[PDB]
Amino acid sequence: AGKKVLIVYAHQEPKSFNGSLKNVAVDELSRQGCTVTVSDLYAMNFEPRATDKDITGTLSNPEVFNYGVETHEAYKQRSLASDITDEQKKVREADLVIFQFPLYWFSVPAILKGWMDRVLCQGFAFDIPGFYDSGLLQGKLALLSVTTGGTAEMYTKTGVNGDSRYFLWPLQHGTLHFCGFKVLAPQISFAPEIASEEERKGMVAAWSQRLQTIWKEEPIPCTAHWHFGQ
């Protein structure tokens, strides 16, 4: 039915497993009659650096640059760079934001980290006060769809990498919940490179099949308990 989805996609190679997961999301959401938009960050040469080029107006303090102060004021005055406002319009319209990426250093690739740093500015995504459950993107859903090099077993509490949920914390809690998003359970596609060709097709099908009923899902409780236990 009547939903708008933004997929923020961070992989260099269209033929990759990430590209397959993004393409199946588009195909299935499209099939459902949803509105779908993809921000293909590498193809867009998306600027990840937080710099003074992100404000085009008179600086609030031209003597000592403070990226958070200057972008907050620029957002209110409409003087942010247009690549930022282009992504902001997509997020604003979206009911669900899916992030599709390979795990780099237990986190997002820098090009996507740059999307979070620059697009989710004060005034647009949160305010002080106006964060966590009162964040400005309240009402919207977010979902991380992550691929890893490590196996599910490496990503357990007693495994070497620790539990998968541990690395989710700065993303689900520190970023998405902070901006007010309700967070759907992560899609984690373990070790596609080590899996067989059929185990891969299976992981792509499993994502497609989940997407069929994504509008029926409740979010996670995005708490310290959920991520860490005890």
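A residue's number is simply how far along the shown sequence it sits, counting from 1. Basically, rigid core = biggest C-alpha set you can superpose within 1.5 Å across the two forms.
Larger root-mean-square CA separation from the shown form, computed after a rigid core fit of the structures in 9 other deposited structures of this protein, is seen for 56-64 when 27-35 is set against 56-64. Averaged over Cα atoms, the B-factor as recorded in the entry is higher for 202-210 than for the other of 202-210 and 13-21. In this crystal structure, the stretch out of 133-141 and 84-92 whose C-alpha atoms carry the higher mean B factor is 133-141. Note on the listed residues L59, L171, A50, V36: the highest Cα temperature factor in the record is that of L59.
Set against one another, the Cα B-factors of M154, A110, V97, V119 in the record reach their highest point at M154.
In this PDB entry, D27 carries a Cα temperature factor that places it within the middle third of its chain's modelled residues. The PDB entry assigns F46 a C-alpha temperature factor belonging to the lowest third of its chain's modelled residues. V146 sits in the middle third of its chain by CA B factor, as recorded in the PDB entry. Per the PDB record, residue ranking by Cα B-factor puts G123 in the middle third of the chain. When the modelled residues of the chain are ordered by their C-alpha B factor, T175 lands in the lowest third.
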